[PDB]
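Enquirer: Protein sequences, first through last, are from chains H, G and L. As numbered in UniProt numbering, residues 86 to 135, 137 to 254, 262 to 602 make up the first sequence, in order. As numbered in UniProt numbering, residues 86 to 255, 262 to 550, 552 to 602 make up the second sequence, in order. As numbered in UniProt numbering, residues 86 to 549, 551 to 603 make up the third sequence, in order. Even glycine gets a Cβ: it sits at the ideal position worked out from N, Cα and C.
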Amino acid sequence: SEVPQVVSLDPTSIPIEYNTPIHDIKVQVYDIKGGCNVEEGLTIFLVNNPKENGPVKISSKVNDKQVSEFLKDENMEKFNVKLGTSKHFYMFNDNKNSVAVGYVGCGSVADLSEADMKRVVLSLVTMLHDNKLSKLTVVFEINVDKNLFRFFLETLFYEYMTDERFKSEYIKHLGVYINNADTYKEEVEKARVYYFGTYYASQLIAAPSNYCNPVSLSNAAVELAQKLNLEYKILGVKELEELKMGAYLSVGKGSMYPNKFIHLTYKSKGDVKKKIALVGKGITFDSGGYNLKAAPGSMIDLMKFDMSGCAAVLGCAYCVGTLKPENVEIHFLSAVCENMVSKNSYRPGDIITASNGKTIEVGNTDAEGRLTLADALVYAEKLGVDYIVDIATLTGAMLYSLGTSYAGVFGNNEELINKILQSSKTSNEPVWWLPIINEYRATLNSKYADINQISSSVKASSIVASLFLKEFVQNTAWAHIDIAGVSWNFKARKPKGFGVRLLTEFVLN
Amino acid sequence: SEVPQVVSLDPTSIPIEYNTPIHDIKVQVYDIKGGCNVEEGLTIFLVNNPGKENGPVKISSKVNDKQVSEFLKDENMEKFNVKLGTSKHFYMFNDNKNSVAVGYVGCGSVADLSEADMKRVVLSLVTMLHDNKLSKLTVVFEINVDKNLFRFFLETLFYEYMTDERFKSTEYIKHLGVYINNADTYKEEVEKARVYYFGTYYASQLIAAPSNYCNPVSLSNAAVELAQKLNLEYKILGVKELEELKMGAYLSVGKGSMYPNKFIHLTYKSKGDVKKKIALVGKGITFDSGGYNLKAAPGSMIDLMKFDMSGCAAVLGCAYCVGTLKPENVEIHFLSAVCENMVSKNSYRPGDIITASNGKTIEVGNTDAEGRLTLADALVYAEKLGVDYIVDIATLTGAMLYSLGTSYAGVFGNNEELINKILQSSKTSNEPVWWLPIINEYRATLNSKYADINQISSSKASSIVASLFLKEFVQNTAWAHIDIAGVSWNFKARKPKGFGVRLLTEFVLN
Amino acid sequence: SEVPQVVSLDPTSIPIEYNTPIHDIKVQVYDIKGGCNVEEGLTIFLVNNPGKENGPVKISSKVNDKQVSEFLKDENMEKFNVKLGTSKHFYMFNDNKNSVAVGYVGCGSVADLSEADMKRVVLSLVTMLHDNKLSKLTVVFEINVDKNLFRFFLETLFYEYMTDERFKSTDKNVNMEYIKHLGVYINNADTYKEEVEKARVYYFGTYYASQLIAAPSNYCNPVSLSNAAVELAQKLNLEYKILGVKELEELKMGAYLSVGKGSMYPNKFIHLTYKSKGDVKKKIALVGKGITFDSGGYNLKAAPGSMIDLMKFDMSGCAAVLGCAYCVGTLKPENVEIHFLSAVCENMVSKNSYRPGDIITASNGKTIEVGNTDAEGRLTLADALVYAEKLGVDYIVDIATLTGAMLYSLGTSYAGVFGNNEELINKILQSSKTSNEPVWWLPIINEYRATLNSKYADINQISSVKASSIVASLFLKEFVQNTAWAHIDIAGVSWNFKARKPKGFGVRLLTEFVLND
Ligand SMILES: CC(C)C[C@@H](C(=O)N[C@H](C(=O)O)c1ccccc1)[C@H](O)C(=O)NO
Ligand SMILES: [Zn+2]
Ligand SMILES: [Zn+2]
Ligand SMILES: [Zn+2]
Ligand SMILES: [Zn+2]
Ligand SMILES: [Zn+2]
Ligand SMILES: [Zn+2]
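1. Measure the Cβ-Cβ separation of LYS182 of chain G and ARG236 of chain G and say whether it is below 8 Å.
2. Find out if the Cβ-Cβ distance for the pair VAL211 of chain H, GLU262 of chain H is shorter than 8 Å.
3. Can you tell me the Cα-Cα spacing of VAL372 of chain H and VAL429 of chain H, whole angstroms?
4. How should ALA388 of chain H be labelled, buried or exposed, when 16 other C-beta atoms within 10 angstroms of its C-beta is the threshold for buried?
5. Just tell me which of H:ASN161, H:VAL207, H:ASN217 and H:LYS164 has its CA closest to the CA of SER184 of chain H.
6. Quick one: which chain L residues come within Cβ less than 9 Å of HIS266 of chain H?
7. Using a Cβ-Cβ distance under 8 Å, would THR212 of chain L count as near chain H?
8. Given this structure, state the Cα-to-Cα distance separating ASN306 of chain L from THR377 of chain L, to the nearest angstrom.
9. For residue 53 of chain G, report the span of its beta strand (DSSP E) as first-last.
10. Can you tell me whether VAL92 of chain G is helix, strand or coil according to DSSP?
11. Any heavy atom of ligand 2 inside 7 Å of the beta-carbon of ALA428 of chain G?
12. Do the region 327–341 of chain G and the region 108–123 of chain G make contact, defined as three or more Cβ pairs closer than 8 Å?
13. Helix, strand or coil for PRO588 of chain L per DSSP?
14. What's the gap between the Cα of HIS174 of chain G and the Cα of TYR493 of chain G?
15. Here's the rule I'm using: 16 or more other beta-carbon atoms within 10 Å means buried, otherwise exposed. How should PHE591 of chain L be labelled?
16. Using only the alpha-carbon positions, how far apart do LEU514 of chain G and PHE503 of chain G sit?
17. In this structure, how does DSSP classify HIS215 of chain L when only helix, strand and coil are distinguished?
18. Counting only Cβ-Cβ distances shorter than 8 Å, please list the residues of the region 157–179 of chain H near chain L, keeping chain order.
19. Starting from residue 625 of chain H and walking both ways along the alpha helix (DSSP H), at which residues does that stretch end?
20. For ligand 2, which residues have a Cβ under 5 Å from at least one heavy atom, in chain order?
21. Is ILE376 of chain L a contact residue of ligand 7, with contact defined as CB to any heavy atom under 7 Å?
22. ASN384 of chain H: beta carbon under 7 Å from a heavy atom of ligand 6?
23. Of all the CB atoms in chain H, is at least one closer than 8 Å to the CB of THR486 of chain G?
24. Is any heavy atom of ligand 1 found at a distance shorter than 7 Å from the C-beta of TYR439 of chain G?
25. Along the chain, where does the alpha helix (DSSP H) containing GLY414 of chain L start, and where does it finish?
26. For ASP468 of chain H, collect the residues of the same chain with a Cβ closer than 7 Å to its Cβ; drop the 5 residues on either side in sequence, then sort them by chain order.
27. So, helix, strand or coil for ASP159 of chain H, using DSSP?
28. Considering only heavy atoms of ligand 6, does any lie closer than 7 Å to the CB of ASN545 of chain L?
29. What residues are listed by DSSP as bridge partners for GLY188 of chain H?
30. Check whether the Cβ of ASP399 of chain G sits closer than 7 Å to any heavy atom of ligand 5, and report yes or no.
31. Would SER172 of chain L and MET213 of chain L qualify as a contact pair, given that the criterion is a beta-carbon distance under 8 Å?
32. For ligand 3, is there any heavy atom lying closer than 7 Å to the beta carbon of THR171 of chain G?
33. Classify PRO100 of chain G as helix, strand or coil using the three-state DSSP reduction.
34. For ligand 4, is there a heavy atom less than 7 Å away from the beta-carbon of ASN229 of chain L?
35. Let me make sure I understand the geometry here. Which of L:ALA274, L:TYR293 and L:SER348 has the alpha-carbon closest to that of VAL230 of chain L?
36. Output yes or no for whether 8 Å exceeds the beta carbon distance between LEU470 of chain G and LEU562 of chain G.
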């Protein structure tokens, strides 16, 4: 619980913003039928043109003569609907009050993807960050379903919010005009919850490794559990030794921060008809160990993000703990540690023993995630659960295979895999199914240990890692989500909080 | 048609073996319900034991010989186990008092065998064939296989048994017996397998041929020769017709070569009425040096890059199978933009803007991404034919080794139905393929400042970005792209797989 | 003159846009003391707030419209701040009940705008011009600018506003609509009026240079580049001469000829000349590196970071020289004779290429040991400098994308200048100040000269002292015997990586140099 320090100026906790300006925003949703009022603030129309880079056309009654003249076809024709393009103007309305009116181009395709919507939102966020507004009103002259509408709000809330914890005028009202308004009203408060779960997770990821270490991360986890009335249990070195979790403990041998195993539990006050375990990779810093990240491209300044899985899980815990779904018992697990170089570090070639008795030959100390997850997976299966889903920034190959938008899912069960893809669809956190190819299993056959940590090959590293993990689930439906490529937003230089909404939709639906 | 030379010792054709020792093998299939006869040669029993770890081998099959039956009694066989890949050889005398040889191959613990360890089963069998000067091989199936897997057994047996000695200078069986239950249903698979094998081995021959032998002219010559031995309409476009067709992307790639570009266009048409028109496109880079983006990086594998025409080989390999089996109600076009990517005073340069045959201007960012340039023009041509399906197959991106590896190929496309047909074809051909996404969000990375489009991204999903490129040259036709860069070469055996041939033939047949 | 081809689809000339939409813009400058008329298009105020960091916006120019004046009152305007780069659009009706567009661009709180600051200001202006279909732009200067800062505003505005579509076919922009009129309100307008057409000229010289650079190497080759230059000389009535290979052979330019040996394109030496109608008090030779593509040769650019796709850029010096030729040929300065020189070739990999280790002989007799074929620029420049000095000139200034080390030394904004004469260098610095193309003076360190001592040849091409920009300047110095000479290394500043396009760097610098003596 007490965070060790090297000098007195070393941080002993992660700063967390719980009450964000987003929570102060009153959201009202109206149906476009009946006309739009353009009293105060900034009003943005979401317009497309099914053709490409075509002219903007507003087709919604505006209960204001002055702003209608502005929105006349001849004047709006100036402007085009290219995805992400926007223009906003300041003017006097009938009350000659100063109002701002504009649009965001939504391309030429009727059905907007999650990527398209983000681009729509970022442009919207760009106008909000340069204006001293009181109210933002968005008019939907495009087609979006209930899930995409919620995705819109979530993304708006998340991108609008700015993290100033390590640094030394937000809108107070949000208006929305849409067709089946009464059907969309319920998605508003769900978005507000999903946003913070993601933003909460983001905060942990963005937290530098001197702030976010195994001790402070587990401490932060306990505090969240306490605020939500979740049962919690933190395993220390002595208990981990008694549980024989040698793989997980080996990775952390070289750290000044003691290993901390995070175990939260949500249990429903009804009948329990589904037990789910969520496992997140919690490497507070990945130096690579003795296989130090020194090669051109390793991105070592990166590696505080190696606990993104843990963040997604804790972020998920917030959402579930807030929404309190029925008929479920959920375990939020993370084997948290730090992978460092020391006199005490574990070595390449070392043979270590996991909690299920299997000996593992370490071939690369930078492949630390599968070791911590292995012992985490054994712990999970002993709980007697229906599904085990782990989420991890495991392999960089994901950047070459799937890139920065879609995460990969691996598994031993097609039904479980299918539930994750559906959750990807309704949460709009894109996931693609990748195969666990049994032919590669032999490359993990060690000469001295029961199994290799790695293949001698760089061929199919994400798949080989899934084969490894597969060895630590005996008789349980299990899935593995590799978020190494999608976790960090390189363009915006911040986390995405990837996985929080995905996992929440999985538990709820 | 005439291959240019630098010295008089430069080869002017690819040596091709059409009649292989496999074709000389008389194959007979009998039903197990009648007993197995021995007498001659080597007889191998394929045995498993479902539900035991490495259980004892037990023969299940009446042997029409009293004392090879006594030899095969369980007390004698309990010794031995069915561990996958395990094999033993037996010497004994039959009823007549003559010397016979018998043995077995273990098929593991799983009732339903692999696609991969059927390969190991076959590989184990071939071990028995290489160190032996046998005249007859007999295989008894005491495992259960469906119609597709049996054909696959023969194909793999044929392919692995065969040895390529075309480039060497300074004992094959003549009969194959198969004992299997519902033999009468399986007999139809025998000649289909032999056809599928050679189409694959034919592709293998073209792929294995070094680049001084296999160049744009000689490969195109070989394609013409194939069209003639089959009876397909054929036409080869040289530099002059290609200029008239304005195929600037394809022509740029070959500018630095001593070998003129040759576009291969074979056609199979059924005498029936035609309900499906299909264009099959293969990447045909006879050698990929990388150009001015020279392969000087450590993982470049500059020595194996004769393999960069695997797509073309798969397409031509398919052409053999289709041309022999003569399917109904279908019209097939075999297309390949064949050229060589070299470094020269005449070679295309990084930064260059070139114009494709559909009018789109392209900024070349990397000369080693040459395949998509040739395929783009090949794809424009394909759509001009007015077909229902366009499928290209290519060793396009090295990233496939990192994504799917050396066993599974990746398939991309603009049409889910076509993707599923490729997928089904993967199951029945047993050439494993996995569906990968075309992520439209990465399309913006191909937006060039001066040309219509970039050839490459700056940025890493190179396989996905390359597919995004290709999609731009198919406007309104169902199209799929198979990236076999990772699976084309069998690194362990130091030989090609001829991957894609059987997949494409099963694709057109269904 | 005839460009050789590999296939018939190979381009045989560089496409050049001469009549640009910028030239079609009628520009008027009015005095602010008379008030601003707003009544079409978009009207933009360049605003400041001296001493208030992100301070409030306040318009201070009489607006000859009651409705627009009321809109622009301080009470309405304070909601906005003057943050440098900030911009806003306003919609309103004027007294004649017509809809007009008005806005502002923040010019910060610092009285004196830098060259970097002014560009940022302009960039924000062009954004308002893009994606909007305006017919008129009116710009109001509520800041203080001298004439060459004012001129810099128009040049940069013109340059950034213009979009190059020579190589688009199926993706030309559907919405490219240029304004037809440009209005400017400024104090003491009669003093600034002279800068307008000077800006237009400075703009095109720069854009012409940008066009040559942006043109890919299959379009822009040694032959096609010399041809456009000749066509350029003809349109300006300049004396011109292009040297082919065996004229170069019998001027014995072995270094220059070596670089092009591996190319399918013959070497072409550009020699354009401007002579004043009057008596000549200054003779100047301008020498530009003209490598239409730098592959590196047998020292191939294969290392991570070599940026081989960008190397069609290697003739930026040459382009800067021709862009200057345009400006000089148009403005017709007095008492001056200018030689515009460029030894053009392409550095390629071939059986005919020159090799590392080769000893070659320059036109002044000095033998050179080649240590790196990617150090080709100094070889072509060596012979060009000898040619230049034989012209009997007073100042020789060469401009070249010579060393990537400039990225490590000065970065992407400032070019480096080397020289053998302080008077010339300062003139370069003075022209840099008035052209607003930033240049910094770097030393030629003689102690490093010994690293060029070859065992067999008279001199080494390169060092074995990783201070490469200085070593290269030491090399170049060896081919100038008794003439004031300066060397401007633009390897770091020529290409705009963010905007993914050329800068046309050097044109305004070189022209201001010629104009001010
Ligand atoms: C340049 C294209 C990407 C193709 C190229 C290739 O993949 N080169 C690279 C390499 O071998 O290091 C590489 C591999 C994986 C990921 C990125 C880059 C392959 O040689 C080819 O010629 N394909 O047509
Ligand atoms: Zn690691
Ligand atoms: Zn890690
Ligand atoms: Zn290549
Ligand atoms: Zn290739
Ligand atoms: Zn060079
Ligand atoms: Zn150069």
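Expert: Result, derived from the coordinates:
1. Contact: no.
2. No, Cβ-Cβ distance for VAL211 of chain H and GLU262 of chain H is not below 8 Å.
3. Going from the Cα of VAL372 of chain H to the Cα of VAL429 of chain H covers about 11 Å.
4. That one is exposed.
5. Nearest of H:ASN161, H:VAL207, H:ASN217 and H:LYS164 to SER184 of chain H, Cα basis: H:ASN217.
6. Within chain L, no residue comes near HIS266 of chain H; the closest Cβ sits about 17 Å away, beyond 9 Å.
7. It does not: the Cβ of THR212 of chain L has no partner Cβ on chain H nearer than 8 Å.
8. When rounded, the separation of the alpha-carbon atoms in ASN306 of chain L and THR377 of chain L is 5 Å.
9. The requested residue 53 of chain G is not part of the displayed model; chain G covers only 86 to 602.
10. When secondary structure is reduced to three states using DSSP, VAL92 of chain G falls in the coil class, being assigned neither helix nor strand.
11. No, the beta carbon of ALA428 of chain G sits no closer than 7 Å to any heavy atom of ligand 2.
12. A contact is defined here as three or more CB-CB pairs under 8 Å, and the region 327–341 of chain G fails this definition with respect to the region 108–123 of chain G.
13. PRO588 of chain L falls in the strand class under three-state DSSP.
14. Each residue's alpha carbon lies about 41 Å from the other.
15. By the 10 Å Cβ count, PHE591 of chain L comes out buried.
16. Going by the C-alpha atoms only, they are around 11 Å apart.
17. Coil, per DSSP.
18. Considering only beta carbons, the part of the region 157–179 of chain H lying closer than 8 Å to chain L consists of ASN161, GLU163, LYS164, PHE165, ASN166, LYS168, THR171, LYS173, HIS174, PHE175, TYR176, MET177 and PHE178, in chain order.
19. Absent from the model: residue 625 of chain H. The displayed extent of chain H is 86 to 602, so no value can be given.
20. Ordered by chain, the residues meeting the criterion of a beta-carbon within less than 5 Å of a non-hydrogen atom of ligand 2 are H:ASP379, H:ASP459 and H:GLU461.
21. The answer is yes for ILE376 of chain L.
22. With a threshold of 7 Å, the Cβ atom of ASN384 of chain H does not count as near ligand 6, since no heavy atom of the ligand is closer than that.
23. For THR486 of chain G, the answer is no, since every Cβ of chain H falls outside 8 Å of its Cβ.
24. Because no heavy atom of ligand 1 lies under 7 Å away, the Cβ of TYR439 of chain G does not count as near it: no.
25. Taken as a continuous stretch (DSSP letters only), the alpha helix (DSSP H) holding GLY414 of chain L covers 401–416.
26. Cβ within range, chain order: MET338, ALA340, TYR341, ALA428, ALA447 and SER448.
27. The answer is helix: DSSP assigns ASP159 of chain H an H, G or I state.
28. Ligand 6 never approaches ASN545 of chain L closely enough for any of its heavy atoms to be under 7 Å from the residue's Cβ.
29. Bridge pairing for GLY188 of chain H: H:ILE129 and H:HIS174 [DSSP].
30. Result yes, Cβ under 7 Å from ligand 5.
31. Yes; because the gap between Cβ atoms is below 8 Å, this pair is in contact.
32. Set against 7 Å, the gap from the CB of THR171 of chain G to the closest heavy atom of ligand 3 is not smaller.
33. Per DSSP, reduced to three states, the secondary structure at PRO100 of chain G is coil, with no helix or strand assignment.
34. Not one heavy atom of ligand 4 falls within 7 Å of the beta-carbon of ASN229 of chain L.
35. Across the set L:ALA274, L:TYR293 and L:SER348, the C-alpha of L:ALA274 shows the shortest separation from the C-alpha of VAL230 of chain L.
36. Yes. Within cutoff.
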